[PDB]
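Visitor:
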Amino acid sequence: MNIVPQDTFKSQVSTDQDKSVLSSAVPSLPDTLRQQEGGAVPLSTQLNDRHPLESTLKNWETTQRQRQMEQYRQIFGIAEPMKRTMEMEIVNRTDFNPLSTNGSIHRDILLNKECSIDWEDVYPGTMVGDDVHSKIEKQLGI
Amino acid sequence: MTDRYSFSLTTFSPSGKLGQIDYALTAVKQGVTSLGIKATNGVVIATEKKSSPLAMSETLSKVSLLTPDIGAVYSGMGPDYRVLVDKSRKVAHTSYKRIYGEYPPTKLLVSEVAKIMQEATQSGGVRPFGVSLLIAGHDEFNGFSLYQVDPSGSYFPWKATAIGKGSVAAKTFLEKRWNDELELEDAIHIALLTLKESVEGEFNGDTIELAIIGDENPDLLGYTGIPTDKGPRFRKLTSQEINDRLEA
Amino acid sequence: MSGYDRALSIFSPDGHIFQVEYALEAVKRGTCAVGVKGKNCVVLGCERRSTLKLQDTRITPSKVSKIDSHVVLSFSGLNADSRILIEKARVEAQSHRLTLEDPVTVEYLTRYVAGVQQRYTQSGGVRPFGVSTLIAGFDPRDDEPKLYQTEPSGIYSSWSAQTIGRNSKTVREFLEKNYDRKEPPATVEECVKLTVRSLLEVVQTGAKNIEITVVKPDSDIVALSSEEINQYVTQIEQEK
Amino acid sequence: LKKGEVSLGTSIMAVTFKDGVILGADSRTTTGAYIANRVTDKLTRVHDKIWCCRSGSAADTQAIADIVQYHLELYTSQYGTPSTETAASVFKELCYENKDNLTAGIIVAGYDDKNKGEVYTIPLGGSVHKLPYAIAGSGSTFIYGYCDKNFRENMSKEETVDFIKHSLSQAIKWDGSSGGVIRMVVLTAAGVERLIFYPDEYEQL
Amino acid sequence: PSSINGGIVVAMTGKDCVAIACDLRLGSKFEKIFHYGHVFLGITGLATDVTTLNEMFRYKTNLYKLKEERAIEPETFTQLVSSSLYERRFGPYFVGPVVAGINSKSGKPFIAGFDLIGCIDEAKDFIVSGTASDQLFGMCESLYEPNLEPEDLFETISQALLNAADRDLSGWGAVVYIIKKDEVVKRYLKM
Amino acid sequence: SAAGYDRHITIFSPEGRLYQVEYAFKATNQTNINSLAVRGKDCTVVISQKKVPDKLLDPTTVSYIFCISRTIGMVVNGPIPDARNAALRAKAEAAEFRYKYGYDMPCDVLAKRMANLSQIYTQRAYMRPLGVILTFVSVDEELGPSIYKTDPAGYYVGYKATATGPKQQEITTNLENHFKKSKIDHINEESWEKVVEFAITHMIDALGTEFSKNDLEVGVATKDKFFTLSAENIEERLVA
Amino acid sequence: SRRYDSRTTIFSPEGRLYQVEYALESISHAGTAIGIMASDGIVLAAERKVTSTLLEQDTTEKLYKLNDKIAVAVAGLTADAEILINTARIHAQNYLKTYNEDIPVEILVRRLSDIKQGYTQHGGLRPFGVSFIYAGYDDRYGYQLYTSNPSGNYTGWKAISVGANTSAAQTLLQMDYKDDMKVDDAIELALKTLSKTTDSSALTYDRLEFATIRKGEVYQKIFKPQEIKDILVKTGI
Amino acid sequence: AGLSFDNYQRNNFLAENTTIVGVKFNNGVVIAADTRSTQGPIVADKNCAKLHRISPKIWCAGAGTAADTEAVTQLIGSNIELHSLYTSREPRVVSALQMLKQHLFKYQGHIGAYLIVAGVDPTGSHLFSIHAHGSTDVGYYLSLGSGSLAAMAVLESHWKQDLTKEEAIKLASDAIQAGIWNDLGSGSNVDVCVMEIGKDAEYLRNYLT
Amino acid sequence: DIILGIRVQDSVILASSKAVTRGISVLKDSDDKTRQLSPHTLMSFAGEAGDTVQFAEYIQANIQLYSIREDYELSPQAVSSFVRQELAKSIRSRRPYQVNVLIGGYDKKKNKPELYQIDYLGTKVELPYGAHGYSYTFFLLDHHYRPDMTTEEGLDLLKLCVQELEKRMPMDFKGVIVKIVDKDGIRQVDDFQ
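Shown next, in the form of structure tokens:
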């Protein structure tokens, strides 16, 4: 029954927290070349000096959806949130368009956003590793 | 981890054809006829409102306004068309209106719809859409335009065309009845004549749906005071107007 | 077959994975590649299909690709998959150089390529690379030639002389008859001549369908021109 | 709590009586010393016979009330008319789970066939308390004694109306953030009755 | 030599023509005015943000021309600049942009200015951007006259720039663009 | 027979059809129950046949009429589990519309929303369509009495009057004849009791059988509320 | 073959990929396109698959501009080609933004070919059924002509044809092409090859698309129907 | 996606080193504003249109951060147009109010837009005030801006329940004129928009000059 | 850390102080504040602790990857543009760090030397001469610089600048390592400044 997103801060850190960009030479350390972030961005700098509204904006829709699911569980039972989550998982799982970033029509229908526009829709948005094969590897988990 | 992927629902046949696209085209060919005619000062889009006798015809409309200057019609499966129309209306704002402050030209919106339809063939989760669309519009730098979009996502511009069950005969009639000096009223009359040969039952204003892209309509703007605010160019003819044109 | 060859994750009743064998069959259809290491150099030779009359030859990619200033790579099989593998290998070489300040060894790069190929056999939704690779070079601050072979299944091995691709059995037999490990070719010229003579056993037209690349210590990679290969072929024919 | 945010300096009362419940409030909304709205309606309806008044941040309380009304519509679609206790529990959960980010206090007045009129108060923090009568707002501090001396159980409708009118007139008299007209809602088995009293009437009490 | 932050941009409208001018550090290459076919943009403020905005707008205008198969008009470019600036609501660029041009179909001159988050100020007379001189606005107000010929407009804007430069010296120069429906003239001022 | 992968999933047959959708349509007639919906001047009436042959059942728990919101009622043709699934979904949709847009959801908009969900089911391979037909009735504040129908194909449309079930053709023909006689699209009555009696009489004439108080369910939508009549109300209506 | 052609990620016992072969076979059903590189320019020609006179010939189905230096001719499915064309335009603009220089032709070709190869290695994706003829100019190699197919392979050419009549067109080009050819001679050769290889009775202007990349800088010219008619009259066809 | 937070730390490091009224009358609503646009003490524009159109019969006027006001108004207008197309019905003022309130509450007051929204729909005439943090209020007459106190004084002087269209227009014009004369933020002209039930909206640019 | 650079008619001369961190006494003979991006493009950097070295090594790795992939060498202009983009990217989500880079190269397509300077915010300026870390050498450069100066005259001007710098610094300033980029590549002036 949350309105503003909560529990947004990270509780533990490690040098191998980002599993997708781990170095092959030293698996305990990240691969800075394939990160393509400019080469001078330690993870610790991401723990301080953040805009206070960024976490609220990034997790707003998920928080509203979780509150809706909790209300369904309280009023309708377990089956209703179970079915909503199952439908959303099925739709999101079988969509794989490496050349596009726009969401599916069916996802918008499920989210009741058929005729709704937010700034995420208006503003939806290298040398190394920005190709189809990286997306294939991330999708398949290989 | 066999649930992290789904194999493609659309694949090539040994002859080199995508079967699902061909079957969607077959489903399009089994639908009600819809036609479009491009004139010098407007475009006409027409369809037959085939239906139960107890169903209210005005509740369901096969002609939809996409932008104040762009409308569309379809042949095939209605729900797919409804979903695509909602998406096209949203995309006209997300990609163009909120960026340039203007509505998109006809060709770019047609391209967006075509891309959405194409993405349904490179999928392991959905089958391709089973509709063919006729999109008519007007824009400042390109004038009047008429396009046809197929289930594969291919689109082409036409001077006049027809899709659906009676597409071949309607195309023959339009080929024999089209010239580059045609006017909007002449196009409306030709569209009525072409639809006359296709409708089997009652042929009146309650079984025909007509829309035009012509001059601006200040009376449909809803407000007055700004001279540079152009009125909508899309206009759907009423049943009374269709009856009056048929009687004459 | 017998219903045991429709997935990568199926063992045959006799303990085989048939899709790996089929990827090897795909490799067998590519042009032949040969690798021979001498006392102080490694030579990679490649068969090239005869160029068409209207085909531009200025910018056509070579069969031997430089992974790094000290490591080169040749392939046999599907040409398009080799580009992906080569790009990944180059990225890995630069990444290792950035992470440890030291350039990769030949064995390390071979292991990385084999690891990528192995990873692309661990899912039912992906296709393995139909490519077999030969990786040659010298370790940094070292003078011992290194030659390795990698297979689509992810297995790699070390060879004194090896052949892959179409008609590689005949070239392998020729090498086995005409190569001695305890007395390798002591000069670059002898190694190049042996490689060219091995390639001439299956190459129809001759000099114009042979590519030769020579790697020496201290990051010395040379791609021989058509004139030198033609001279080697003419000398071999005269001595024949 | 937020900088440059609209606050609710109101006077809120809810009294249980023999036939049901009555909820009363003033009609003043101010920004510092300036009166932004002198005829605002503070009696919020979340169900046909479940009403509330809000204190604290105006935006936070409005969002919470909208979510509660949506929740009660969902509940009604399943099990019919909810009880006042259920609405109070939903209000309490929303206020308590978000007390680190939202500033909200709610007085809830309800009627139902089983419990026959109830009052709940949820002050800042998110705790819930069931009371025969409740007062809240910046102007409530000035009428703590008077109410304690003039409340009786099972009063008639007219006596409850008079008690609320007198108490809110004193609260308006002494609190600068309170003023305007007095608005009341009477919830009984007969239905919902709205009442309004003007300054020229209650200032002569 | 590496300090190029700041500067001024002046845009004015004449009769069937516009003028856009900017200051330049000369002596012993970095211009703050760019064009995208027939729309001119002058950006004052942080130099890195100026370069970033120029690159982004070149990207977007090239894509726009490839898609629409026609060059972009000043009004559409103004709306695009506004939306792009508003995208960075909480991390905005430290820039003041000015747009000038002539609409091809209508022939009407157009100038506009922006704040750092894209609020549009469409002016019929002139736009001044930058904080180098506070009296530059006053000099432009005292010198501007409506409906000037291209030669008169060029003289007026050049005189305004020269007087502003004299107000605040060695190595200063100016770049002036006079834009008509079909002719664009670029001139340098070393005074 | 679908004769292919269409035996399980919703893909195009060579004829261009979706067999799973048609089979869901066939499933809609499992209960062997007919329903009728008519419009008055300021009310809408739905009547559903009730069949309880088993003596061990409790009749009061047998119903295919649901209250979706304050003003919207729904009648379902098809199996009761899918009917209850659809009822819960419709209730959630109506409440969410009210929360998001600030006013009560119209009947036609809700019908369109359910039709869009059905379109999702028709297009997605791993989602099956529900084998039910839904009929929403209300008195909309802008359109007056309203009847709308949605089917497993995702098609929805409004009606002056409607009938659904195995014997729907005869009821529809009788309705068409009556409307042709009256030359109006609605029933010219001022009280919903008279409309209920007329609809009962129409159902009796169309089906050719007599109905008691326990053989029917009646729902009435007015501008204030939608409510379901009890056994006593139906028994009172029968006596006329 | 029916047991090894239902999915794109399975090898046959002989090591073949049947879906890729079917995608290659689908190219033969497209209209013919020809690219000819002369000593001072590049000529692209194509034949439309038009069957009716109601088509808007004046207002773009075979020839597209990737950027001011690079254009393409398309043979195959139009929508997949449009997807890839938008991707290529975005990549070229990204390279220009990053390096402040125009992208070399080979880099763009290799990027598109890598994308098409990747679309043959995921079970949820089918291959793109398109073939591209790239015509471009860069400061490294000058004028360049490339071809890419659904398998993701690309090749460099002097004169090349794709589509329905590739064999006969290639034979004619081999019998006629010369290294020192000029732009006008290349135009005439392309037109004559199209006329000879056409299955129609006549090679009219409304069934043709033409483009030239030349120098005055480097200029791209997409011929209008009137210019196509003028060149057809000049050649003698 | 959405509004970006990039260069927030960089900007912090670099830093370390109008009269608007709305009046209800017996058959509709009126909104009015001044036309002076300033950048500090300098008058940037003497003829600026501050009345914006959410929908053909729903208009609004804002204060605060100008870019935020314009962007929020345009986004809500796009949402309203899409919703009207989806429902095939005339948009309602309540729906626009709900969208604006929830959007502003999502950003926790960081979008500095304060609005007066007037409109006519099939349910009647409506007038609302909207605060940046998400609170909304209803009223018969409202004022906003730096000149809102003088305009509110005039409105409190001459407002009554039975107001005709002409009386409402005159009252709104007088309130804007008082803000023009007594406030340095206003002063140039008066723009009016009249929305009457059952008729088209009437936009009067420079009603008083 | 102080860096200087002068572009003379046919080459670019880059001078970097062989300084050391504070608190630890080190005996070393190397140029630790300069990375060879390409055989005809050199980069010198100055600023704070290992952030700058990480950035320089990242840039070098990217450029070497490009050179291997294309079998071709990027022009100095493209290299400078890429460096500017990466520097702007690296501080989009963190507090900016002090860094200043001079990129000197010899373009063989144009057959001319080029010199660029990028500051900590990502501002790229093409200059005939530049410096960073000095609290004036600007006047000495202005008075004694000509576009058509030879390598020897540029070295003499650099020596004058070094003397001016050393006249106001302690003996802890060990010296400056000088490198020259021209048509034959990159070489080190082992004699003096």
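Residue numbers (full-length UniProt numbering), protein chains in the order written: chain R, 1 to 125, 132 to 148; chain L, 1 to 51, 53 to 249; chain D, 1 to 240; chain V, 11 to 215; chain U, 4 to 31, 39 to 178, 180 to 202; chain C, 8 to 247; chain Z, 3 to 61, 63 to 219, 224 to 244; chain A, 2 to 18, 30 to 221; chain B, 2 to 136, 139 to 196.
Backbone N, C-alpha and C define an ideal beta-carbon position, used for all residues, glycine too.
In angstroms with no decimal places, state the Cα-to-Cα distance between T54 (chain U) and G182 (chain U).
Guide: By one-based count along the fifth sequence, residue 54 (chain U) stands at place 44. By one-based count along the fifth sequence, residue 182 (chain U) stands at place 171. When rounded, the distance between both Cα atoms is 19 Å.
Visitor: Using the rule of at least 16 other Cβ atoms within 10 Å of the residue's Cβ for burial, across every protein chain shown, is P14 (chain L) buried or exposed?
Guide: Along the second sequence, read from residue 1 onward, the residue named residue 14 (chain L) stands at position 14. Exposed, by the Cβ-count rule.
Visitor: Would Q99 (chain B) pass as a contact of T53 (chain B) if the rule is Cβ separation under 9 Å?
Guide: If you number the ninth sequence from 1, residue 99 (chain B) lands on position 98. If you number the ninth sequence from 1, residue 53 (chain B) lands on position 52. Against a cut-off of 9 Å, the Cβ pair of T53 (chain B) and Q99 (chain B) comes out as a contact.
Visitor: What residues from chain U crowd round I100 (chain L), counting only those whose CB sits closer than 8 Å?
Guide: Your numbering for residue 100 (chain L) matches position 99 in the second sequence. Those are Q89, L90, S93, listed as they occur along chain U.
Visitor: Give the DSSP-derived three-state secondary structure of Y103 (chain U) in the structure shown.
Guide: For the purposes of this step, residue 103 (chain U) is taken as residue 93 along the fifth sequence, with counting starting at 1. Coil, per DSSP.
Visitor: Can you find a heavy atom of the ligand ZN that lies under 8 Å from the Cβ of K197 (chain L)?
Guide: Because no ligand of any kind appears in the structure shown, any question about the ligand ZN cannot be addressed here.
Visitor: Looking at chain L, is there any beta carbon in it that lies within less than 9 Å of the beta carbon of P134 (chain A)?
Guide: In the eighth sequence, the residue the question calls residue 134 (chain A) occupies position 122. False, the Cβ-Cβ gap to chain L never drops below 9 Å.
Visitor: Would you say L84 (chain V) lies against chain C (beta-carbon separation less than 9 Å)?
Guide: The residue you call residue 84 (chain V) lines up with position 74 of the fourth sequence. True, the Cβ-Cβ gap to chain C drops below 9 Å.
Visitor: Against chain B, with Cβ distances strictly below 9 Å, would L56 (chain U) count as a contact?
Guide: Counting from 1 along the fifth sequence, the entry for residue 56 (chain U) is found at position 46. So yes, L56 (chain U) belongs to the interface.
Visitor: Which residue marks the beginning of the beta strand (DSSP E) containing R193 (chain V), and which one marks its end?
Guide: Within the fourth sequence, numbered from 1, the residue matching residue 193 (chain V) stands at position 183. Here the beta strand (DSSP E) through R193 (chain V) covers 192-198.
Visitor: Where does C46 (chain D) sit, in a helix, a strand or coil, going by DSSP?
Guide: Here residue 46 (chain D) is taken as the residue at index 46 of the third sequence, counted from 1. Three-state DSSP puts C46 (chain D) in a strand.
Visitor: Under the rule that 16 or more other beta-carbon atoms within 10 Å means buried, what is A45 (chain A), buried or exposed?
Guide: Along the eighth sequence, one-based indexing puts residue 45 (chain A) at 33. The residue is buried, with at least 16 neighbouring Cβ atoms inside 10 Å.
Visitor: List, from N- to C-terminal side, the beta strand (DSSP E) runs of 3 residues or more that fit wholly inside the segment 98-140 of chain A.
Guide: Whole beta strand (DSSP E) segments, 3+ residues: 125-133.
Visitor: Could you tell me which chain R residues have their CB closer than 9 Å to the CB of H176 (chain V), listed as they occur along the chain?
Guide: The residue you call residue 176 (chain V) lines up with position 166 of the fourth sequence. Within chain R, no residue comes near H176 (chain V); the closest Cβ sits about 38 Å away, beyond 9 Å.
Visitor: Step through the CB atoms of chain D and report whether any lies within less than 9 Å of the CB of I69 (chain B).
Guide: As a position in the ninth sequence, residue 69 (chain B) is number 68, starting the count at 1. With 9 Å as the cut-off, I69 (chain B) counts as an interface residue toward chain D.
Visitor: Using a Cβ-Cβ distance cut-off of 9 Å, determine whether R95 (chain B) contacts chain R.
Guide: For the purposes of this step, residue 95 (chain B) is taken as the residue at position 94 of the ninth sequence. Answer yes: the Cβ-Cβ gap between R95 (chain B) and chain R drops below 9 Å somewhere.
Visitor: Would you kindly check if the distance between the Cβ of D185 (chain V) and the Cβ of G147 (chain V) is under 9 Å?
Guide: Taking the first residue of the fourth sequence as position 1, residue 147 (chain V) is located at position 137. Taking the first residue of the fourth sequence as position 1, residue 185 (chain V) is located at position 175. Yes, the Cβ-Cβ distance between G147 (chain V) and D185 (chain V) is below 9 Å.
Visitor: Is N102 (chain R) helix, strand or coil by DSSP?
Guide: The count along the first sequence starts at 1 and reaches residue 102 (chain R) at position 102. If DSSP states are grouped into helix, strand and coil, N102 (chain R) belongs with coil.
Visitor: Report the three-state DSSP secondary structure of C114 (chain C) (helix, strand or coil).
Guide: Position 107 of the sixth sequence, counted from the first residue, corresponds to residue 114 (chain C). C114 (chain C): helix per DSSP, three-state reduction.
Visitor: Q145 (chain R) touches chain L at which residues, Cβ-Cβ below 9 Å?
Guide: Position 139 of the first sequence, counting from 1, holds the residue named residue 145 (chain R). Going along chain L in sequence order, the residues near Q145 (chain R) (Cβ under 9 Å) are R4, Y5.
Visitor: Here's the rule: buried if 16 or more other CB atoms are within 10 angstroms of the residue's CB, otherwise exposed. What is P185 (chain D)?
Guide: Along the third sequence, one-based indexing puts residue 185 (chain D) at 185. The residue is buried, with at least 16 neighbouring Cβ atoms inside 10 Å.
Visitor: Would the segment 117-137 of chain C count as touching the segment 52-60 of chain C if we require 3 or more Cβ pairs under 8 Å?
Guide: Judged by Cβ distances under 8 Å, the segment 117-137 of chain C makes no contact with the segment 52-60 of chain C, as fewer than three pairs qualify.
Visitor: Considering only the beta carbon of each residue, do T68 (chain L) and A39 (chain L) sit closer than 9 Å?
Guide: Reading the second sequence from its first residue, position 67 is the one you call residue 68 (chain L). Reading the second sequence from its first residue, position 39 is the one you call residue 39 (chain L). No, they are not a contact pair.
Visitor: Can a CB atom of chain C be found closer than 9 Å to the CB of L55 (chain L)?
Guide: Residue mapping note: residue 55 (chain L) aligns to position 54 of the second sequence, counting from 1. With 9 Å as the cut-off, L55 (chain L) counts as an interface residue toward chain C.
Visitor: If you check the beta carbons only, do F129 (chain D) and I164 (chain D) fall under 9 Å apart?
Guide: As a working mapping, residue 129 (chain D) is identified with position 129 in the third sequence. As a working mapping, residue 164 (chain D) is identified with position 164 in the third sequence. Against a cut-off of 9 Å, the Cβ pair of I164 (chain D) and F129 (chain D) comes out as no contact.
Visitor: Taking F14 (chain A) as the query, report the chain B residues whose CB atoms sit under 7 Å from its CB, ordered along the chain.
Guide: Locating residue 14 (chain A) in the eighth sequence gives position 13, where the first residue counts as 1. Residues of chain B passing the Cβ test: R96, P97.
Visitor: Closer than 9 Å by beta-carbon distance: list the chain C residues that pair up with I109 (chain R), in chain order.
Guide: Working through the first sequence from its first residue, we reach residue 109 (chain R) at position 109. Within chain C, the residues near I109 (chain R) are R120, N123, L124, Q126, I127.
Visitor: Can you give me the Cβ contacts of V191 (chain V) inside the same chain, cut-off strictly under 6 Å, excluding the 5 residues immediately before and after it?
Guide: Here residue 191 (chain V) is taken as the residue at index 181 of the fourth sequence, counted from 1. Same-chain partners within the cutoff: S37, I206, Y208.
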